[PDB]
Ligand SMILES: [Ca+2]
């Protein structure tokens, strides 16, 4: 049995630059050492998508030993809007537990509080 949520480690903020490519990394651990990689995503609040203003945000997940490795990458178009956005690494263990639920992401967005796996995406 597994009732404990996986834990994301992600940089608190990632800064990207118009016209330029970027690459950052997050990792995930879980008590069971077993994951649901296809249900581990990088997304904005509203839907399982990179989000408005950040449609160029990409990711790829692999399992390395007992961890997931989440590569967060892309190329920022030269005419993207400059600003700061909250995004979420949402990981699922093999048993279906998630680090942050849809409910929690919504409360965090409105209340300006934090969940595990959240990060600031800063465009300059
Ligand atoms: Ca677990």
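Along the chain as shown, the residues are counted starting at 1.
Per the header: X-ray crystallography, 1.0 Å.
Cβ coordinates are placed from backbone N, Cα and C, and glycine is handled just like the others.
If you look up Swiss-Prot, you'll see 46, 87, 88 marked as site 'Important for interaction with host glycoprotein and virulence'.
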Whole-number Å value for how far residue 46 (site 'Important for interaction with host glycoprotein and virulence') lies from residue 88 (site 'Important for interaction with host glycoprotein and virulence') (Cα to Cα): 11
The one of 46, 87, 88 whose CB sees the fewest other CB atoms within 10 Å, among these recorded sites: 46
DSSP three-state assignment (helix, strand or coil) for residue 88 (site 'Important for interaction with host glycoprotein and virulence'): strand
Inter-residue C-alpha distance, residue 46 (site 'Important for interaction with host glycoprotein and virulence') and residue 87 (site 'Important for interaction with host glycoprotein and virulence') (nearest angstrom): 10
